[PDB]
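Hydrogens, waters and symmetry mates play no part in the numbers below; they use all other heavy atoms, side chains included. For reference, positions follow the sequence shown, starting with 1. Numbering of ligands and ligand atoms starts at 1, following listing order.
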Amino acid sequence: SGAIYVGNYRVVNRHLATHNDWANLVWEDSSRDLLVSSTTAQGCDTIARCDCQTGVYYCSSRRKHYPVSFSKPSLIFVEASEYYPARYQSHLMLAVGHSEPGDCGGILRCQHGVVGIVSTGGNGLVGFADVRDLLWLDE
Ligand SMILES: Cn1nc(C(=O)NCCn2cncn2)c2ccccc21
Ligand SMILES: Cn1nc(C(=O)NCCn2cncn2)c2ccccc21
Ligand SMILES: [Zn+2]
């Protein structure tokens, strides 16, 4: 689990969004596994505006923050899960690292701020849904 709070927005994995998120929907994209909903309170997270390829992510299944190198956002084939059939996921970044399904929502950060959230993984890889291209999250 996990979410990003910036301005009056909440950014979550689309597969983990709640009924309140869908009723208060701002934008979602199934191919990215992202959903953004509106909030009443101001959030404290800052989104990175950069092309960093090194950062640190939170892995709940190890209670640890791991430093990693990751690929730039790309279109990647992802196998089926209980939430989606096998498909191409867009804006996805991969790193070598541990992850399990319930690690989705863990944040990836670089020196500039929040980069993305855990969305895919297995077999020694972890995949993050990028949010840096969503410039409207800051305005
Ligand atoms: C479109 N929609 N989907 C859900 C949902 O819970 N789906 C299972 C989780 N999921 C997997 N992938 C995407 N979501 C939902 C709930 C309330 C209103 C609208 C909704
Ligand atoms: C981090 N992580 N996430 C998943 C997962 O099932 N994600 C559900 C959302 N999803 C995205 N594309 C398809 N389904 C996973 C599985 C095994 C090991 C690690 C994992
Ligand atoms: Zn950066």
*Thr18 vs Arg10, side chain to side chain contact (heavy atoms under 4.5 Å, CB included): CA-CA, chis, key distance, verdict*: CA-CA 11 Å; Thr18 67; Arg10 162 168 145 95; 4.1 Å; yes
Nearest neighbour in protein (non-hydrogen) for [atom]:
| atom | answer |
| --- | --- |
| atom 12 (N) of ligand 2 | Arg87 NH1, 3.0 Å |
| atom 4 (C) of ligand 2 | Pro101 CA, 3.9 Å |
| atom 6 (O) of ligand 1 | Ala17 O, 4.6 Å |
| atom 17 (C) of ligand 2 | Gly121 O, 3.6 Å |
| atom 19 (C) of ligand 1 | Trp22 CG, 3.3 Å |
| atom 14 (N) of ligand 1 | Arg14 O, 3.5 Å |

Could you tell me which non-hydrogen atom of [X] sits nearest to which non-hydrogen atom of [Y], and how far apart they are?
| X | Y | result |
| --- | --- | --- |
| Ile117 | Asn13 | CD1-N, 3.5 Å |
| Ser119 | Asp33 | OG-OD2, 2.8 Å |
| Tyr9 | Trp136 | CE1-O, 3.7 Å |
| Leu34 | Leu134 | CD1-CD1, 4.2 Å |
| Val26 | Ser37 | CG2-C, 3.9 Å |
| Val114 | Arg109 | CG2-NH1, 3.9 Å |

Rounded distance (nearest 0.5 Å) linking atom [atom1] of [X] with atom [atom2] of [Y]:
| X | Y | atom1 | atom2 | answer |
| --- | --- | --- | --- | --- |
| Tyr83 | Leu16 | OH | CG | 5.5 Å |
| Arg14 | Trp22 | CZ | CH2 | 4.0 Å |
| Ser30 | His15 | OG | NE2 | 11.5 Å |
| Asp130 | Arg32 | CG | CZ | 6.5 Å |
| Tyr57 | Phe70 | OH | CZ | 12.5 Å |

I need the atoms of ligand 2 closer than 4.0 Å to a non-hydrogen atom of [X], numbered in the order shown.
| X | answer |
| --- | --- |
| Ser99 | 1 (C), 18 (C), 19 (C) |
| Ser119 | 3 (N), 7 (N), 8 (C), 9 (C), 10 (N), 11 (C) |
| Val118 | 1 (C) |
| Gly122 | 18 (C), 19 (C) |
| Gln89 | 11 (C), 12 (N) |

Within a strict 4.5 Å, meaning less than it, do heavy atoms of the [X] and [Y] side chains meet?
| X | Y | answer |
| --- | --- | --- |
| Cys52 | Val115 | no |
| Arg132 | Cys50 | yes |
| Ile4 | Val131 | yes |

Is the closest heavy atom of [X] to ligand 2 under 4.0 Å?
| X | value |
| --- | --- |
| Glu82 | no |
| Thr120 | yes |
| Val78 | yes |

Mind checking whether [X] has an N or O less than 3.5 Å away from an N or O of ligand 2?
| X | answer |
| --- | --- |
| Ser81 | yes |
| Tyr83 | no |
| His15 | no |

| message | Within ligand 1, which atoms have a heavy atom of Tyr84 less than 4.0 Å away? | response |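 Near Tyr84, meaning under 4.0 Å from one of its heavy atoms, ligand 1 has 12 (N).
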**OP:** For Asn20, enumerate each residue passing the side-chain hydrogen bond (donor to acceptor under 3.5 Å, both in side chains) test, keeping only those at least two apart in sequence or located in another chain.
**Re:**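 By the side-chain hydrogen bond (donor to acceptor under 3.5 Å, both in side chains) rule, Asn20 matches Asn24.
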For atom 8 (C) of ligand 1, is there a protein heavy atom at a distance under 4.0 Å?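 No; the ligand atom in question lacks any protein heavy-atom contact below 4.0 Å.
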task = Might you check, step by step, whether the distance between atom 2 (N) of ligand 1 and some protein heavy atom is under 4.0 Å?
result =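 Under 4.0 Å from atom 2 (N) of ligand 1, at least one protein heavy atom found.
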Query - Atoms named by residue and atom, protein N, O or S, within reach of the Zn ion (ligand 3) (under 2.8 Å) - result: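 Short answer, with waters excluded from the count: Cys50 SG, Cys52 SG, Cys110 SG, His112 ND1.
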Heavy-atom distances under 4.0 Å decide this one: backbone, side chain, both or neither, for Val126 against ligand 2?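 Neither; no heavy atom under 4.0 Å.
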At under 4.0 Å between heavy atoms, is it the side chain or the backbone of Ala80 that contacts ligand 2, or both, or neither?
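Neither part.
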Legend entry - No-hydrogen, no-angle side-chain donor-acceptor test under 3.5 Å, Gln89 and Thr120: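 Looking only at side-chain atoms, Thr120 and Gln89 do not form any donor-acceptor pair under 3.5 Å.
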